[PDB]
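Peer 1: Have a peek at target-v7.pdb (PDB, C-alpha atoms (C1' of nucleotides)).
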ATOM      1  CA  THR A   1     106.805  80.790 145.178
ATOM      2  CA  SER A   2     107.808  80.667 148.856
ATOM      3  CA  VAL A   3     106.943  76.959 149.262
ATOM      4  CA  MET A   4     108.178  75.471 145.970
ATOM      5  CA  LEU A   5     111.426  74.357 147.611
ATOM      6  CA  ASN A   6     109.472  73.084 150.622
ATOM      7  CA  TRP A   7     107.232  70.946 148.408
ATOM      8  CA  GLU A   8     110.247  69.653 146.474
ATOM      9  CA  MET A   9     112.050  68.687 149.690
ATOM     10  CA  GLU A  10     108.940  67.038 151.152
ATOM     11  CA  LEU A  11     108.546  64.999 147.963
ATOM     12  CA  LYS A  12     112.214  63.979 147.937
ATOM     13  CA  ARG A  13     111.851  63.035 151.613
ATOM     14  CA  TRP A  14     108.614  61.025 151.732
ATOM     15  CA  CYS A  15     108.183  59.696 148.156
ATOM     16  CA  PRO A  16     111.620  59.281 146.531
ATOM     17  CA  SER A  17     110.298  57.621 143.346
ATOM     18  CA  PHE A  18     108.652  60.667 141.741
ATOM     19  CA  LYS A  19     110.520  62.520 139.003
ATOM     20  CA  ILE A  20     110.283  66.103 140.281
ATOM     21  CA  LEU A  21     110.518  69.069 137.902
ATOM     22  CA  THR A  22     110.665  72.516 139.521
ATOM     23  CA  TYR A  23     109.606  75.065 136.891
ATOM     24  CA  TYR A  24     111.581  78.170 137.842
ATOM     25  CA  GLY A  25     114.216  80.494 136.421
ATOM     26  CA  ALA A  26     114.512  83.004 133.621
ATOM     27  CA  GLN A  27     112.703  82.561 130.289
ATOM     28  CA  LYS A  28     115.767  80.960 128.679
ATOM     29  CA  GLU A  29     116.042  78.459 131.535
ATOM     30  CA  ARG A  30     112.309  77.750 131.289
ATOM     31  CA  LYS A  31     112.657  77.100 127.554
ATOM     32  CA  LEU A  32     115.623  74.804 128.210
ATOM     33  CA  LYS A  33     113.589  72.873 130.787
ATOM     34  CA  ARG A  34     110.594  72.671 128.421
ATOM     35  CA  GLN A  35     112.801  71.307 125.629
ATOM     36  CA  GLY A  36     111.732  67.673 125.369
ATOM     37  CA  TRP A  37     109.367  67.839 128.354
ATOM     38  CA  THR A  38     106.466  66.503 126.256
ATOM     39  CA  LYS A  39     108.083  63.068 125.964
ATOM     40  CA  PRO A  40     106.491  60.305 128.068
ATOM     41  CA  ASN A  41     107.899  59.647 131.545
ATOM     42  CA  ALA A  42     110.154  62.709 131.270
ATOM     43  CA  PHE A  43     108.832  63.831 134.664
ATOM     44  CA  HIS A  44     106.175  62.624 137.097
ATOM     45  CA  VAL A  45     105.389  65.694 139.235
ATOM     46  CA  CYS A  46     105.857  69.312 138.153
ATOM     47  CA  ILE A  47     106.035  72.105 140.741
ATOM     48  CA  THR A  48     105.284  75.640 139.564
ATOM     49  CA  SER A  49     104.115  79.020 140.847
TER      50      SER A  49
ATOM     51  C1'  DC B   1     163.509 128.298  83.722
ATOM     52  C1'  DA B   2     162.135 129.774  79.651
ATOM     53  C1'  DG B   3     159.389 131.050  74.906
ATOM     54  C1'  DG B   4     157.054 129.811  70.385
ATOM     55  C1'  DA B   5     152.674 128.587  70.050
ATOM     56  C1'  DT B   6     147.813 128.493  70.976
ATOM     57  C1'  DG B   7     143.648 129.935  73.176
ATOM     58  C1'  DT B   8     140.910 133.247  75.847
ATOM     59  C1'  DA B   9     139.850 137.791  77.044
ATOM     60  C1'  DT B  10     138.945 142.490  76.773
ATOM     61  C1'  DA B  11     136.975 146.930  74.317
ATOM     62  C1'  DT B  12     135.281 149.107  70.653
ATOM     63  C1'  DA B  13     131.705 149.649  66.832
ATOM     64  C1'  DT B  14     127.450 149.521  64.167
ATOM     65  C1'  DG B  15     123.107 148.636  62.257
ATOM     66  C1'  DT B  16     119.369 145.422  62.101
ATOM     67  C1'  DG B  17     116.385 142.744  65.423
ATOM     68  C1'  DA B  18     113.351 144.054  69.247
ATOM     69  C1'  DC B  19     111.903 146.232  72.963
ATOM     70  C1'  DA B  20     109.472 150.658  73.490
ATOM     71  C1'  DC B  21     105.770 153.940  72.582
ATOM     72  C1'  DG B  22     101.704 156.306  70.863
ATOM     73  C1'  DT B  23      96.343 156.074  68.507
ATOM     74  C1'  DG B  24      92.115 154.645  68.755
ATOM     75  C1'  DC B  25      88.482 149.801  69.502
ATOM     76  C1'  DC B  26      86.076 147.470  72.044
ATOM     77  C1'  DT B  27      84.662 143.554  74.423
ATOM     78  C1'  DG B  28      85.677 140.968  77.743
ATOM     79  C1'  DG B  29      86.299 142.261  82.536
ATOM     80  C1'  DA B  30      85.915 144.899  87.279
ATOM     81  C1'  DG B  31      83.426 146.862  90.382
ATOM     82  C1'  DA B  32      79.019 149.014  92.686
ATOM     83  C1'  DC B  33      74.476 148.158  94.310
ATOM     84  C1'  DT B  34      70.180 145.197  96.195
ATOM     85  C1'  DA B  35      68.378 140.774  97.630
ATOM     86  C1'  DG B  36      68.784 135.903  99.248
ATOM     87  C1'  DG B  37      71.151 131.826 101.057
ATOM     88  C1'  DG B  38      74.010 129.108 104.097
ATOM     89  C1'  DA B  39      77.562 126.833 106.446
ATOM     90  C1'  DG B  40      80.638 127.082 110.068
ATOM     91  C1'  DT B  41      81.700 129.636 114.650
ATOM     92  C1'  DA B  42      80.591 129.154 119.498
ATOM     93  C1'  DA B  43      79.074 126.956 123.663
ATOM     94  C1'  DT B  44      78.139 122.800 126.070
ATOM     95  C1'  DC B  45      78.745 117.967 127.250
ATOM     96  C1'  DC B  46      78.977 112.867 126.862
ATOM     97  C1'  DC B  47      82.710 109.448 125.926
ATOM     98  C1'  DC B  48      86.810 107.098 124.465
ATOM     99  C1'  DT B  49      91.836 107.308 123.739
ATOM    100  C1'  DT B  50      95.897 109.442 125.733
ATOM    101  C1'  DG B  51      99.578 109.930 129.419
ATOM    102  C1'  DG B  52     100.929 108.226 133.645
ATOM    103  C1'  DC B  53     102.248 104.160 137.449
ATOM    104  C1'  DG B  54     105.559  99.413 138.583
ATOM    105  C1'  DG B  55     107.521  94.708 136.808
ATOM    106  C1'  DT B  56     109.843  91.177 133.225
ATOM    107  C1'  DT B  57     112.731  89.621 130.651
ATOM    108  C1'  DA B  58     114.722  90.718 125.772
ATOM    109  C1'  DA B  59     117.591  93.656 123.300
ATOM    110  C1'  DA B  60     121.129  97.246 123.477
ATOM    111  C1'  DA B  61     125.860  97.797 124.757
ATOM    112  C1'  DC B  62     130.688  96.915 126.115
ATOM    113  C1'  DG B  63     134.665  94.245 125.156
ATOM    114  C1'  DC B  64     137.903  91.078 122.520
ATOM    115  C1'  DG B  65     140.406  89.060 118.751
ATOM    116  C1'  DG B  66     141.776  88.207 114.662
ATOM    117  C1'  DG B  67     140.534  88.387 109.774
ATOM    118  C1'  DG B  68     139.375  89.935 105.589
ATOM    119  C1'  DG B  69     138.647  94.422 103.275
ATOM    120  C1'  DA B  70     140.075  99.461 102.188
ATOM    121  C1'  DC B  71     143.462 102.193 100.509
ATOM    122  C1'  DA B  72     147.826 103.356  98.634
ATOM    123  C1'  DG B  73     151.844 102.327  95.399
ATOM    124  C1'  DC B  74     153.128 100.721  90.928
ATOM    125  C1'  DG B  75     153.252  99.090  86.381
ATOM    126  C1'  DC B  76     151.357  97.198  81.860
ATOM    127  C1'  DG B  77     148.562  98.105  78.047
ATOM    128  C1'  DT B  78     145.484 100.170  75.121
ATOM    129  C1'  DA B  79     142.167 103.440  73.882
ATOM    130  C1'  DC B  80     140.658 107.832  73.962
ATOM    131  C1'  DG B  81     142.181 112.571  72.567
ATOM    132  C1'  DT B  82     144.010 115.691  69.067
ATOM    133  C1'  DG B  83     145.360 116.933  64.686
ATOM    134  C1'  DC B  84     145.042 116.600  59.525
ATOM    135  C1'  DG B  85     142.684 115.604  55.345
ATOM    136  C1'  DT B  86     138.553 114.090  52.792
ATOM    137  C1'  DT B  87     133.621 114.023  52.644
ATOM    138  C1'  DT B  88     128.861 115.058  53.502
ATOM    139  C1'  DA B  89     124.753 116.924  54.491
ATOM    140  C1'  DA B  90     123.438 120.985  57.638
ATOM    141  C1'  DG B  91     122.085 125.922  57.486
ATOM    142  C1'  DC B  92     119.918 129.491  54.355
ATOM    143  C1'  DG B  93     115.975 131.569  52.321
ATOM    144  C1'  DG B  94     113.332 131.399  47.900
ATOM    145  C1'  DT B  95     109.370 129.493  45.893
ATOM    146  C1'  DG B  96     105.208 126.800  45.413
ATOM    147  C1'  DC B  97     100.868 124.334  47.389
ATOM    148  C1'  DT B  98      97.318 122.843  50.110
ATOM    149  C1'  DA B  99      95.640 120.854  54.890
ATOM    150  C1'  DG B 100      93.544 121.644  58.600
ATOM    151  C1'  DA B 101      93.490 124.516  63.197
ATOM    152  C1'  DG B 102      90.528 127.989  64.059
ATOM    153  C1'  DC B 103      86.517 131.182  63.814
ATOM    154  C1'  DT B 104      81.853 130.881  63.202
ATOM    155  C1'  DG B 105      76.862 129.837  62.851
ATOM    156  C1'  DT B 106      72.916 126.811  63.905
ATOM    157  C1'  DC B 107      70.350 123.376  66.059
ATOM    158  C1'  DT B 108      70.009 119.896  69.884
ATOM    159  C1'  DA B 109      70.634 115.878  73.349
ATOM    160  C1'  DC B 110      72.626 115.577  77.913
ATOM    161  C1'  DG B 111      73.149 116.803  82.512
ATOM    162  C1'  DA B 112      72.414 119.920  86.615
ATOM    163  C1'  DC B 113      68.684 120.590  89.211
ATOM    164  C1'  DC B 114      64.602 119.624  92.257
ATOM    165  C1'  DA B 115      61.324 116.353  94.679
ATOM    166  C1'  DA B 116      59.758 111.879  96.176
ATOM    167  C1'  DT B 117      60.672 106.879  96.967
ATOM    168  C1'  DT B 118      63.489 102.805  98.015
ATOM    169  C1'  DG B 119      67.072  99.539  99.352
ATOM    170  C1'  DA B 120      72.798  99.177  99.655
ATOM    171  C1'  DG B 121      75.653 100.130 102.667
ATOM    172  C1'  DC B 122      77.377 100.460 107.089
ATOM    173  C1'  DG B 123      77.713 100.433 112.384
ATOM    174  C1'  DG B 124      77.239  96.705 115.540
ATOM    175  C1'  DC B 125      77.413  92.330 117.467
ATOM    176  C1'  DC B 126      78.641  87.447 117.946
ATOM    177  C1'  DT B 127      80.244  83.029 116.742
ATOM    178  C1'  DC B 128      84.354  80.559 114.899
ATOM    179  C1'  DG B 129      88.439  79.145 112.624
ATOM    180  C1'  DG B 130      93.236  80.576 110.168
ATOM    181  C1'  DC B 131      96.978  81.346 111.550
ATOM    182  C1'  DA B 132     100.220  83.007 115.915
ATOM    183  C1'  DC B 133     102.958  80.268 119.090
ATOM    184  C1'  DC B 134     105.566  76.421 120.342
ATOM    185  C1'  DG B 135     108.794  72.265 121.185
ATOM    186  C1'  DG B 136     110.642  67.923 118.882
ATOM    187  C1'  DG B 137     113.040  65.935 114.084
TER     188       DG B 137
END
What is this structure when it is put down as structure tokens?
Peer 2:
Amino acid sequence: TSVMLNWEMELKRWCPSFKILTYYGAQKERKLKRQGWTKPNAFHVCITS
DNA sequence: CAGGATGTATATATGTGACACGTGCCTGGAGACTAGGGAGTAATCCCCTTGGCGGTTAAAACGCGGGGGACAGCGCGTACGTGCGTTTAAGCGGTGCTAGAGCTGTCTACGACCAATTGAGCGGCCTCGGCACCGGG
């Protein structure tokens, strides 16, 4: 959990073309983020703890 | 703010229903006295199912606002109560009759009971698939 932001920033820095999805927050926020996440090309790289 | 006009008590009385009280019967009970059985109390002790630690989010809670529901006032209508008269079958108790609940006597098939044998059921274990969970329409 301490390096999720670090990984996200490194991805945004080096490879700007990846759709990054940081899976964090309360349950309700996690459900909101999961809503429609099964669709194709919704995100390219997911970062979780 | 009275008073006929009812209705509801209150008190007394008596004699016929019913508690109340002998008189003896006895047969079903109630207890005493030996002998035999037996299941649960008591002490350990192995083993699960409680009661006790720290987090996570989900539900309880607090507030707000207005909206629809409770409760009170009021009035219209009709039906439900009360009284009077007519009607009916309900209460009484008197007689007649027999049907079967009950007591009784005899004979008997069914079940408790006891011993040996057998497999139906149940704890246990594992593999698996019906539905819990979930995110898009």
Peer 1: Given the file shown, determine the residues that the PyMOL selection byres ((chain A) within 8 of (chain B)) selects; report them as a PyMOL selection string.
Peer 2: chain A and resi 26-27+34-36
Peer 1: Distance atom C1' of residue B:14-atom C1' of residue B:93, one decimal place?
Peer 2: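 The value is 24.4 Å.
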Peer 1: List as an MDAnalysis selection string: which residues have an atom within 7 Å of (110.2, 80.6, 143.0), counting all atoms listed in the file?
Peer 2: chainID A and resid 1:2 4 24 49
Peer 1: Excluding residue A:22 and any residue of its chain fewer than 3 positions from it, enumerate the residues within 9 Å of it, using only C-alpha atoms (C1' of nucleotides), and give them as a PyMOL selection string.
Peer 2: chain A and resi 4-5+8+45-48
Peer 1: Residues as selected, C-alpha atoms, written as a PDB file, keeping the file's coordinate frame, can you do that?
Peer 2:
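Once written, part-v6.pdb looks like this:
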ATOM      1  CA  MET A   4     108.178  75.471 145.970  1.00  0.00           C
ATOM      2  CA  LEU A   5     111.426  74.357 147.611  1.00  0.00           C
ATOM      3  CA  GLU A   8     110.247  69.653 146.474  1.00  0.00           C
ATOM      4  CA  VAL A  45     105.389  65.694 139.235  1.00  0.00           C
ATOM      5  CA  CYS A  46     105.857  69.312 138.153  1.00  0.00           C
ATOM      6  CA  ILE A  47     106.035  72.105 140.741  1.00  0.00           C
ATOM      7  CA  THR A  48     105.284  75.640 139.564  1.00  0.00           C
TER       8      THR A  48
END
Peer 1: Applied to this file, what does the PyMOL selection byres ((chain A and resi 43) around 8) return in terms of residues, put as a PDB file with C-alpha atoms, in the frame of the given file?
Peer 2:
ATOM      1  CA  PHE A  18     108.652  60.667 141.741  1.00  0.00           C
ATOM      2  CA  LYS A  19     110.520  62.520 139.003  1.00  0.00           C
ATOM      3  CA  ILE A  20     110.283  66.103 140.281  1.00  0.00           C
ATOM      4  CA  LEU A  21     110.518  69.069 137.902  1.00  0.00           C
ATOM      5  CA  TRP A  37     109.367  67.839 128.354  1.00  0.00           C
ATOM      6  CA  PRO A  40     106.491  60.305 128.068  1.00  0.00           C
ATOM      7  CA  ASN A  41     107.899  59.647 131.545  1.00  0.00           C
ATOM      8  CA  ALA A  42     110.154  62.709 131.270  1.00  0.00           C
ATOM      9  CA  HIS A  44     106.175  62.624 137.097  1.00  0.00           C
ATOM     10  CA  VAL A  45     105.389  65.694 139.235  1.00  0.00           C
ATOM     11  CA  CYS A  46     105.857  69.312 138.153  1.00  0.00           C
TER      12      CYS A  46
END
Peer 1: Quick one: distance from atom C1' of residue B:112 to atom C1' of residue B:28 in Å, one decimal?
Peer 2: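 The value is 26.4 Å.
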Peer 1: Interatomic distance between atom CA of residue A:31 and atom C1' of residue B:60?
Peer 2: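 Atom CA of residue A:31 sits 22.2 Å away from atom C1' of residue B:60.
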